[PDB]
Amino acid sequence: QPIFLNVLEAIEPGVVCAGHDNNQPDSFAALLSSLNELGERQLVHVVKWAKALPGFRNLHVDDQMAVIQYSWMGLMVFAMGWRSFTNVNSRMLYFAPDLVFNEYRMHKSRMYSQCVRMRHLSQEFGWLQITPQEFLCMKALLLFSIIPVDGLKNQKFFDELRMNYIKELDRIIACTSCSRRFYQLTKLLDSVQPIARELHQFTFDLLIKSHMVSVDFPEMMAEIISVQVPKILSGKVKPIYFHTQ
Ligand SMILES: C[C@]12CCC(=O)C[C@@H]1CC[C@@H]1[C@@H]2CC[C@]2(CCOCc3cc(F)cc(F)c3)[C@@H](O)CC[C@@H]12
């Protein structure tokens, strides 16, 4: 039986709300405030999800939180892209049921260019006819797609987990055609990284000037952004690509 897929379906988070007031006129401050609130809620869900993944708990405890925090942006971009595809056919960005970005919001959020890349990703789910199961497997693999260049505390086990998740993805594909499909999916996975990078830069810059634009940022998010994001931006932590960029 599809044991692995059963597990991924079983732990997949349900709907997560942003808590946005859609009765108020759109503003940079209100939109980013709601995105940050959504972020805090999504991080809680991602931690619970990751810890329930096959073999994840065998990683050193410190490596567990590190990989979750390094891969989070990518995971969220990919998941949001899928939500946009399944709910509004990639027409708009479905951050949450109560936070759907139309073109006006993409502009007002001052995150237009990033939104364009995220919507493009959403469109690929349609162009490549990505199945819900391929989505689940790829998303799980994204958790193991970005690490410190100098390695994790137990880098050896991480390598083993990543290998096994790649094998499961190849598995669903097999369940010349397979070769072409694996190529397409790994190319799609690689495309998430540059998008996450743009968002890492944006969120970092926003934190540094949050006091001037009235964003605030919840205490926990500010800590993660100030400690982990710069490691990525400075090159100490790098994404793992399938293909040479
Ligand atoms: C990830 C979100 C929410 C979920 C979603 O559907 C996609 C969306 C993409 C944009 C993110 C937005 C959250 C709020 C952001 C970014 C906040 O980044 C926090 C953060 C950044 C990290 F690199 C690691 C972490 F664990 C947490 C804001 O601070 C600026 C950009 C915002």
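Residues displayed in chain A correspond, in order, to Swiss-Prot positions 671-845, 851-920.
The header says X-ray crystallography, 1.6 Å.
Cβ atoms are placed via backbone N, Cα and C, with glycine included.
The 17beta-hydroxy-5alpha-androstan-3-one binding site annotation in Swiss-Prot covers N706, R753, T878, and the record cites experimental evidence as its basis. Listed in sequence order, the residues of the same chain lying 6 or more apart from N706 (17beta-hydroxy-5alpha-androstan-3-one binding site) and placing their CB within less than 8 Å of its CB are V890, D891, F892, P893, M896.
Taken from Swiss-Prot, the feature site 'Interaction with coactivator LXXL and FXXFY motifs' covers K721, and the record attributes it to experimental evidence. When secondary structure is read from DSSP and collapsed to three states, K721 (site 'Interaction with coactivator LXXL and FXXFY motifs') falls in the helix class. For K721 (site 'Interaction with coactivator LXXL and FXXFY motifs'), the same-chain residues 6+ apart in sequence whose C-beta sits under 8 angstroms from its C-beta are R727, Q734.
If you look up Swiss-Prot, you'll see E898 marked as site 'Interaction with coactivator FXXLF and FXXFY motifs', on the strength of experimental evidence. Long-range Cβ proximity for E898 (site 'Interaction with coactivator FXXLF and FXXFY motifs'), meaning a same-chain Cβ under 8 A and a gap of 6 or more residues, is found for none. A helical conformation is recorded for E898 (site 'Interaction with coactivator FXXLF and FXXFY motifs') in the three-state DSSP classification.
For the recorded site, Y916 (phosphotyrosine), the DSSP three-state label reads coil. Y916 (phosphotyrosine) has a Cβ environment of 14 other Cβ atoms inside 10 Å. Positions annotated as phosphotyrosine by Swiss-Prot: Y916.
5 residues are missing from the deposited coordinates between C845 and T851, whose CA atoms sit 14 angstrom from each other. Of the recorded residues, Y916 (phosphotyrosine) and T878 (17beta-hydroxy-5alpha-androstan-3-one binding site) place their C-alpha atoms 23 Å from one another.
There are 20 other Cβ atoms within 10 Å of the Cβ belonging to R753 (17beta-hydroxy-5alpha-androstan-3-one binding site).
Cβ neighbour count for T878 (17beta-hydroxy-5alpha-androstan-3-one binding site) (all protein chains, 10 Å cutoff from its Cβ): 24.
Proximity of the recorded positions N706, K721, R753, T878, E898, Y916 to ligand 1, judged by a Cβ distance under 6 angstroms to any of its atoms, singles out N706, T878 in sequence order. Of all residue pairs in the 17beta-hydroxy-5alpha-androstan-3-one-binding list (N706, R753, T878), the one with the greatest Cα separation is 22 Å apart.
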